[PDB]
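Residue numbering restarts at 1 for every chain, and letters A, B, ... go by the order of the sequence lines. Order of listing sets the numbers, starting from 1, for every ligand and every atom in it. Both backbone and side-chain heavy atoms feed into the values below; hydrogens, waters and symmetry mates do not.
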There are 2 protein chains.
Amino acid sequence: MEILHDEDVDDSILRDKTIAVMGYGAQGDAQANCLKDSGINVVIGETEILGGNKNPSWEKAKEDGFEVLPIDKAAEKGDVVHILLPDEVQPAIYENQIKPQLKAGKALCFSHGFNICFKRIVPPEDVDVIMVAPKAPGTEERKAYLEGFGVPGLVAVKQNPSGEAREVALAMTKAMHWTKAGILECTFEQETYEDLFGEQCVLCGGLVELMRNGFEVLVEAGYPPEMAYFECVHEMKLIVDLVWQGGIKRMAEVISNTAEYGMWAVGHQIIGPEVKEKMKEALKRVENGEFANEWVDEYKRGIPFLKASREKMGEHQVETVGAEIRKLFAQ
Amino acid sequence: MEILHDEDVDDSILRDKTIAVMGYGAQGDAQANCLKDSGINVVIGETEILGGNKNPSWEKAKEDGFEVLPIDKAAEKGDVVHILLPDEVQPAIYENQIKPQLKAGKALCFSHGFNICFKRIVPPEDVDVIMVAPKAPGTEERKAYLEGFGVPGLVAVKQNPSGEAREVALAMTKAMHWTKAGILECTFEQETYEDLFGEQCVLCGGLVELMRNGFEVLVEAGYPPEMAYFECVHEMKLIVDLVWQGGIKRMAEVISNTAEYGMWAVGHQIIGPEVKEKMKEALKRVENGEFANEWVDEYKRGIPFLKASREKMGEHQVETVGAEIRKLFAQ
Ligand SMILES: NC(=O)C1=CN([C@@H]2O[C@H](COP(=O)(O)OP(=O)(O)OC[C@H]3O[C@@H](n4cnc5c(N)ncnc54)[C@H](O)[C@@H]3O)[C@@H](O)[C@H]2O)C=CC1
Ligand SMILES: NC(=O)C1=CN([C@@H]2O[C@H](COP(=O)(O)OP(=O)(O)OC[C@H]3O[C@@H](n4cnc5c(N)ncnc54)[C@H](O)[C@@H]3O)[C@@H](O)[C@H]2O)C=CC1
Ligand SMILES: CC(C)N(O)C(=O)C(=O)O
Ligand SMILES: CC(C)N(O)C(=O)C(=O)O
Ligand SMILES: [Mg+2]
Ligand SMILES: [Mg+2]
Ligand SMILES: [Mg+2]
Ligand SMILES: [Mg+2]
Ligand SMILES: [Mg+2]
Ligand SMILES: [Mg+2]
C-alpha cells in the first residue's frame, strides 16, 4: 500500500487550531514539543497531584514553557483533545474529565487504537475521532524530529462528522514531521493489532527474551558476564543500525562471511517454526480480545504481575552488569 | 572480571612499530584508519586483482592514502602482521604469502580466534601470536572512533616468545580507542566460541529470524508489508538504542505500560525455554569443532549454501519493501 510523505499532505488546517495534549510523558512530551516547534498552538492537560505526590510531568511541562491546565480545562480549550495518557487509565479519565467538555466540532485524538478498538471508550457521535500513531518510542521520535527527520506513523479515522477529521489527523503528522519517514492510512483496529503484536513478539518481548536467553547461555557455560553483555547486548545496537540503514543486505555485507554463514545456517535453528506458530497464537489473542481482557483485568487488580516483573527485571545480571559497564564508559 | 580502560593501558610500545594490515575490508578499513589517525605507522597488504578483476579494496586503500603492497611485501615490512582477511581464506594465504616472511619476534595478530583455535593456522614457535577482537561490525567501529568513543574488545595471547605480546595487543586496542568502551582479556578459544555463538544465535541469526518471522506473521494475516516493516524492522533500531543507552530498565520506562505488560506477559511465550535449549545445542557445536568443520567444508565446496541463502534473502519481501521504503525517506 501507498506511503504518504510531506509532498502528499497539507498542514494548513492547523493554523486556527489548539491541540490539547493530555499527558506529558513519553509521547506527550515528544509530540507537544514537535508540535510547538512547528508553530502549532499547544496546551498541556496534566494532573498536578498523583497518588498524593507532586506529578513530575506537571512540573516539567511548566518548566518546558507550556500552558499547563487541569485535564478538564485543557479539554475545554482544545480543538483537538489528544489523549497521550497511559492506555489503562484513559477510560476513567475520559469519562470523568474529558467527556463533559466535548462539543460538536472537537476532534478526539489518540496515538494507539486500543481503547477505541476494544470499545473501552465510545465517543459521542458528533465528535471526530482520529488516531495518529507513531511507530516509535517517544524519546527517539523527538530526536528524529530534532535531527531533521521523523518517525513513521499510522493514521486512522473512526468518526468524521466534521468532514475534516482525516485532514486534521494528517496535518498533525506533517507538523510532527512523521511524513518525512512515511505515513500509512489504516483503521483503528488494524493499528491496535499490529502494534500489540509487534511490541509483544518482536520489539520488546521478542528482543529482550532473545538477548536475555543468549546472555544466560553464555554465563551458565562459564563465560564472564561482561563478555556476554558486550556480545549479546552492546553489539546489538551496532548490528541493528546496519539493518535500519540498508536492510539485511547491508548488514550481511559488513559482517564476516563466517558470521553470514552462521546467520543462515544456525539462526533458523534457534528461531524456527515453533516461534512463528507462537507468534500466530499471540496475534490471534490480540485480534480476538483475549489479550485486551487480560490487560484490563491486570490493571483492575492493581498491576501485581507488572509490578513483580519490574522488580525481577532489575535483579537480572544482564541489568546489574550492564549498568556497571555503561557507567564506566569514557562517553 | 576486570575491564581495562584508557587509564589502564600504555600504547607507547607502538611508537616504533609498523602494523601490516592484511585485507582492507570491513575490519581492515576501520582498523587501519583508526590506527593511522592515532599516529601509528600502517601498511596495507592487499591483492591487486581478485577473480580476474581489479580488487576495489586495493584501490580504495591507495585512495585513502595508505602504502599498499602485495601481502608478501607487507608481511616483510610489518612488525605486527595483522590478518584481517576472510577467515575461510586465511589458511592458504598465510601458508603461501605470509609464513615465509615471518621472522622471529614479529607478532601475528588476528581479530577472531577461529583459525588459531581450530588449528587451521599453526604459527612458528618464535613469533608472538595475539588477538585484538572488536565486538563490533567494522563500519560502526569506525564511526564510534570518529565520534570520540570506541567499541568493546577482547584481547588474547596465544604465544609470547618476545615477552611483549600482551603489551603490543593491548596497545593496539588503546590506539583504536576500544579501551574507551572497555577491553576484556581472554583466551583465543574463549573469543572464538562466544563470538560464533553470539553472531549465530543473537546478533545476526537470532535477530534476523526474529524480525523476519514477525514480519511474515503480519503479512500472512493480511497486514500491509509496509506496516510490517515499520513495526518489525524500522522501529527495532529505536528500541535497541534505548537498551544500549540505559538497559532494559530505560527501555521499559519509555515504552507504554501496555507494551511493558505485553513484553513480560507474552515475550517469553514466543522466545522460551525451547529457544534456550537450542542455543545450548548451538554453543556445543561451536565449542566441539562441529560448526567449524561445517564452515570449512562449505567453503571447500564453493559456498553453495551461502550463495543460495544470499539470493533468497534478496528476494524476500522484507528486503524488497524495505528498500523501497528507505529510498523514499527524506533526511
Ligand atoms: N513511546 C511510547 O511510549 C508509545 C506510546 N504510545 C501510545 O501513547 C499513549 C501514551 O503513552 P505514554 O506516553 O507511554 O504514557 P505515559 O505512561 O508516559 O503517561 C503520560 C503521563 O500520564 C500521566 N499519568 C500517569 N498515570 C496517571 C493516572 N493514573 N492518572 C492521571 N494521569 C496519569 C503522567 O503525568 C505521565 O507522565 C498511549 O495510548 C500509548 O499506547 C504510542 C506509541 C509509542
Ligand atoms: N566486522 C566484521 O566483519 C568483523 C570481522 N571480524 C574478523 O575480522 C577478520 C576480517 O573479516 P572481514 O573484515 O569481514 O574480511 P572481508 O570479508 O571484508 O575481507 C577483507 C578483504 O580481503 C580481500 N579478499 C577477499 N577475498 C579474498 C581472497 N579470496 N583472496 C585474497 N584476498 C581476499 C578483499 O580485498 C576484502 O576486502 C576475520 O577474522 C573476521 O572473523 C571480527 C570482528 C567483526
Ligand atoms: C515499542 C514501543 C515504543 N511501542 O511502539 C509501543 O507501541 C508502546 O510503547 O506501546
Ligand atoms: C556481528 C558481527 C559484526 N561480528 O561481531 C562478528 O564477529 C563477525 O562479523 O564475524
Ligand atoms: Mg508501537
Ligand atoms: Mg504500543
Ligand atoms: Mg562478505
Ligand atoms: Mg563478533
Ligand atoms: Mg565473528
Ligand atoms: Mg511506564
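- In this structure, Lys60(A) is not positioned above the aromatic face of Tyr24(A) in the sense of NZ or CZ being under 6.0 Å from the six-membered ring centre and within 45° of the axis.
- Under a 4.0 Å criterion applied to the non-hydrogen atoms of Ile255(A), ligand 2 contributes the atoms 3 (O).
- The protein atom (non-hydrogen) at minimum distance from atom 42 (C) of ligand 2 is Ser111(B) O, 3.5 Å.
- Of the charged side-chain nitrogens involved, none lies within less than 4.0 Å of a carboxylate oxygen, so that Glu140(B) and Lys237(A) do not count as a salt-bridged pair.
- At a 3.5 angstrom cut-off on N or O pairs, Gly138(B) counts as close to ligand 2.
- Residue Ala26(B) does not touch ligand 4, judged by heavy-atom distances below 4.0 Å.
- In the vicinity of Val254(A), heavy-atom distances shorter than 4.0 Å reach the ligand 2 atoms 1 (N), 2 (C), 3 (O).
- Considering only non-hydrogen protein atoms, atom 10 (C) of ligand 2 sits nearest to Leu84(B) O, 3.3 Å.
- Contacts between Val254(A) and ligand 4 below 4.0 angstrom, taking non-hydrogen atoms only, are absent altogether.
- Considering backbone and side-chain N/O of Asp195(B), one or more are found under 3.5 Å from N/O of ligand 4.
- Looking at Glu235(A) against ligand 4, only its side chain comes within 4.0 Å, counting heavy atoms.
- Of all protein heavy atoms, the one closest to atom 41 (O) of ligand 2 is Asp87(B) OD2, 2.7 Å.
- Heavy-atom separations between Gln90(B) and ligand 2 include at least one value shorter than 4.0 Å.
- At the top of the distance list for atom 6 (C) of ligand 4, counting protein heavy atoms only, stands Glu199(B) OE1, 3.2 Å.
- Among protein heavy atoms, atom 10 (O) of ligand 4 sits closest to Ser256(A) OG, 2.6 Å.
- The Mg ion (ligand 10) lies at 2.8 Å or more from every N, O or S atom belonging to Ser256(B).
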